[PDB]
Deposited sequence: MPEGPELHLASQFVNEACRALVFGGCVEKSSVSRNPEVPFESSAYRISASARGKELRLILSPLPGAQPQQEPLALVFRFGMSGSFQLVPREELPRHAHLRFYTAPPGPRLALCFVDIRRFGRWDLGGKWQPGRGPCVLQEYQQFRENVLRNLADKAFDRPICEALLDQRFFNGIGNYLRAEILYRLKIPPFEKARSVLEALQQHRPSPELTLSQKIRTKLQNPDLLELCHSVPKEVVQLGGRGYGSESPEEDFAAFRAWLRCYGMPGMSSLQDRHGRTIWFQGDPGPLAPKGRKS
């Protein structure tokens, strides 16, 4: 998942938990190498916000809750397969590595961090990853300024397709967005990043870094819609113009990740 999936995951947590009350401990699977969450409360509400490719949960005990406890924040990174689900308490999915449990009265549910491949991570601080840049979706102007003031960075020496995955400058862009973004402007992927960016200093590359992900968010779905996984998966394939599509070229960047593009590979190509 990329910035749009993290954003939709946070909206899912806010809408699904709006009328729920959690109680008890936060339970971690025995196979997860992530930290135990030291939190217990007889009555707490869960809420969420996204920033780039990170999501922050806030656990908020109600007035009167026991034990006495301040709100607790956790920050998640989803890696390749992270997600959130709200399921019946006895119908936990196979890779539910972190679990929050509704309290009575009402149907006993669990909000679960589900992560098949366990590349995802959580941290006890409620702090965003030091060094990640501002959110291309929610901090557009900060995102733009942070790129254009730092074009000197050796990061922008690299091909534009590699620069676009550097989460210090493009927090929330991943493999499918970089393909989709470059294709809208027909910018060869192995053009030099500083060349393409010096040139701004008819939307431009940094505008699309915001507006293209924003399209996926408006689309909805990505496992957080009411509609089926069949309907979701199709809606998304239909939106895609470049990533994975018939008629499109693909190469490996310096990190063995696949870039999709039409036409000129660009000067710095393998």
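Missing from the model, relative to the deposited sequence, are the stretches 1, 203-221, 291-295.
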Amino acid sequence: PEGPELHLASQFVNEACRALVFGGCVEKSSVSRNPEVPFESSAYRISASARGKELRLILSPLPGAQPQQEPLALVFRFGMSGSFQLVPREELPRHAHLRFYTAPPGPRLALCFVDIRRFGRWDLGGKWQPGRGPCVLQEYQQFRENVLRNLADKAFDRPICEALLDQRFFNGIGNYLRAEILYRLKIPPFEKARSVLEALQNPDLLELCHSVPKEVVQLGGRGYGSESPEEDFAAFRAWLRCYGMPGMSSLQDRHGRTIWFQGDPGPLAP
From here on, numbers count along this sequence of modelled residues.
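For the segment pair 144-152 and 89-97, the entry gives 89-97 the higher mean B-factor, averaged over Cα atoms. The deposited model assigns a higher average Cα B-factor to 260-268 than to the other stretch when 1-9 and 260-268 are compared. Per the PDB record, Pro35 has a higher Cα B-factor than any other of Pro213, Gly52, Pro61, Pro35. Per the PDB record, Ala199 has a higher Cα B-factor than any other of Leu182, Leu164, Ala199, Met80.
Per the PDB record, residue ranking by Cα B-factor puts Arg45 in the lowest third of the chain.
Annotation for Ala238: CA B-factor lies in the highest third of the chain's modelled residues.
The PDB entry assigns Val75 a C-alpha temperature factor belonging to the lowest third of its chain's modelled residues.
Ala193 sits in the lowest third of its chain by CA B factor, as recorded in the PDB entry.
Among the modelled residues of its chain, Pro159 has a C-alpha B-factor that falls in the middle third, as given in the PDB entry.
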